[PDB]
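Listed next as structure tokens: two forms of one protein chain, kept apart as structure 1 and structure 2.
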Structure 1
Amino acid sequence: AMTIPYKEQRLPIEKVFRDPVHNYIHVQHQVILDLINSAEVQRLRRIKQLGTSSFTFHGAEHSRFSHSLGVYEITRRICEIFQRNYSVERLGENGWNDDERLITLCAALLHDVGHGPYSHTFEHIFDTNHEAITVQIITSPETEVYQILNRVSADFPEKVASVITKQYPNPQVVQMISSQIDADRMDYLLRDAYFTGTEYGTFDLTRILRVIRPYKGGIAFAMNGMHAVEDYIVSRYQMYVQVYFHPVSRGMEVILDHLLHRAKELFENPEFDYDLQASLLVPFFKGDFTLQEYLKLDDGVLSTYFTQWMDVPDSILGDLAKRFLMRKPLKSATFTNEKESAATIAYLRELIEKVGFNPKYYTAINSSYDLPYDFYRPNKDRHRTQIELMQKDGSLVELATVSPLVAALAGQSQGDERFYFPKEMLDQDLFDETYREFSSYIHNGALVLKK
């Protein structure tokens, strides 16, 4: 027993957290344990990983907390492997340097810490940015996370954040958390599939762990593992078109967006004279918030305020709050492009209006390209956009050049376009002719462009 500095302190016994996806999360460092236990990581239990997806895939109730630990776990497994077989002691200057282990472990655990409730929707209404806030959390002395990291060394908070912002000077560390095949994507693809119940949009983590390699340029995958790397791209693409891009979840998302926007407009309007009782949102209505105010938000804050709003003297706010709480998403139809459809969309909005729906709150144009999921688009100008396969002689070849399957998927390359509207426009009074004519513009789930 010696004087062990904080950065190297180990728990007397390994701590294990049951996880349905990875079986166990293994924790050996005091620092990592203290981070998991910190106020701002604990906060992630109360924020759903998949936002509105749970309305379509009702198993999708998992938290950002569990995913954060999952990412940590995969990262830990990679570090173990790198140290065992591909260390600096074995391979020299560009081998894995295990002094990088702690920072890589912290970066993995904390990568999503700045996420708020329904963050994609919250960011569009309130001009937050989960990435900026992640950095702020890590480096602002008021957080428990900072106080832990600063106890490692004085510059440790800045270093951890630089990993997340991809400015850290070791590409093996950067690319383990963020690349085209990283611990982050690997956990969420496995976890989202496990909980939605789409268990066939799933690859083999262990085979990928068998072929993952560190090198001078970052992280590559041995050539004999090409097929396992293919399965991963297959899962990635399957999860995108089947789960994340689902029209009904997006329909709920549109409601949420329009709900939060109406609230904000009401708060700012002097002619509106009722109390929204939404104290934790006030700083965001005003566009003037602190990190502390932000850290108080989670999914429950929003739904709690929505419940209180079902009684508001505003018919639109009231209805939108109802729609979100009770699951009444807007319906959608596809169109080709914004330019062509413009005239038809405008006219359908007129019809919707005439029937008593304010088009601003009850319609939207929506694309899957707008969502935070990117396709594999390997480009030799941005090295972190490629998946590299390592040949036996140590040379690298980009995945798509050797895999026709991947090249076919990377070339499927397409995001959709949708127009949203109330279902009651199609469900079937002195509005007969209006509904009849609206329906006639919808065929095979698509806008008929007659105008």
Structure 2
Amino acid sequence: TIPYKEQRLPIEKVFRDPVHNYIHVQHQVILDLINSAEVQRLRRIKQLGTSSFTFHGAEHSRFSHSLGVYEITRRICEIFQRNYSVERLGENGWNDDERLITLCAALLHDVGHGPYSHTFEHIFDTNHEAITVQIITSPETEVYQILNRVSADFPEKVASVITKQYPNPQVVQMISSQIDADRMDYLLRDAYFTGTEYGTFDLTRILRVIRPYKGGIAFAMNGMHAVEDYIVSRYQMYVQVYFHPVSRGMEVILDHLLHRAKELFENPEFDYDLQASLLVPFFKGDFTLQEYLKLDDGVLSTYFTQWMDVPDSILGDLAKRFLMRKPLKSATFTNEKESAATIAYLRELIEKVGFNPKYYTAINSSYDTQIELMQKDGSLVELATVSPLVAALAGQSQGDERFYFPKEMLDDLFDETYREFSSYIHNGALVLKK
């Protein structure tokens, strides 16, 4: 009988994918991991969080992204084996013994992600990378059981790829670097579902120039323009999708909503059942992995639905605004120190109209290795050396610095206040005055 390490499905298994057409699975191990409890739960977590409030097609899950990353990784490995094996190139070639570990790492790279990560980790101080390593290395998970079946040291080896400690730079960089399968998948996938496919670079063009070398992953010099296209697409996706103000307006609401809920919990004079059982360990700031694994997007929205009926005015309102899509509006400003006086003033105005500025205002800027080209020579050149102005795009700030406030403040008995407030806003830009 065959070692588990080597168990090849007699018939290749395909999964239909809108982005890649088909995900192809050859190994029993990979199939088992796809079917595991903690990978399956990623079906219930949105890849893009609050972006579906701006781009309504952005309803894709982390599960389909994980499969897509594995699929791109697989395609890289095939090409490396066909064209750049150690057999042909030696030390600069690819060793296909590394395939299985590389594919598991690729598939499992995001397993530690929970619902609305950025916001959740801000409020509950979780870390999805450490939880990923915990999922891979803990005997309680189905993932660990599957990995342990490969060999005793295999769960830790797979974790070491994710932590970038694995001693093979080709494997580490396939999983994690500037142009990796992770990034290429979500650029393509986020573009496909949002409909903002300015993030169409051509994936096959990149797959034809990617190669291994003794120091990691490089790109043939003849495909420099393919690399440029990727840099450009990534730029376009950050600018048009990830940095979108309306998405972040919804994200600010969510952030304040979870925070208000936690404050209500922690406080002992608040004698009311939040009915938020699964969130309790996170309100207390003391949770297990099992408890973390029970959370998904629907858990949050169920709880928020219950909260619209809560005796707290702020919680009830913030829950409502999240579910009914009522984002905070924002104005742009470029200097935090110089805008401090103006922002404080306006915050007094917002308060005078009866919004508590702590939960109805925010200051926000986001939702928050080289690229080696290889000459026929064998020698390396960094992209910026051949293409500096495009390299400049990748390194830019793109900091979209903003002040958030209720739409109500714009155009009861304080109408003169709303006209006073809106006087400090011209074309979505904060005007600095007394």
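Residue positions are counted from 1 along structure 1's sequence. Shifts are known only where both forms have a C-alpha. Rigid core here is just the name for the largest C-alpha set that superposes within 1.5 Å across the two forms.
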(message) With the core superposed, a Cα shift of 2 Å or more between structure 1 and structure 2 singles out one residue among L44, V402, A410, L33. Which one is it?
(response) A410
(message) Could you tell me the distance the CA of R250 travels between structure 1 and structure 2 after a rigid core superposition, in angstrom?
(response) 0.1
(request) Fit the two forms on their core, then tell me the C-alpha shift of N94 between structure 1 and structure 2 in angstrom. (result) 3.2
(request) Note down every stretch of 3+ consecutive residues with C-alpha shifts of 2 Å or more between structure 1 and structure 2, superposition done on the rigid core, in sequence order. (result) 199-201, 368-370, 410-414
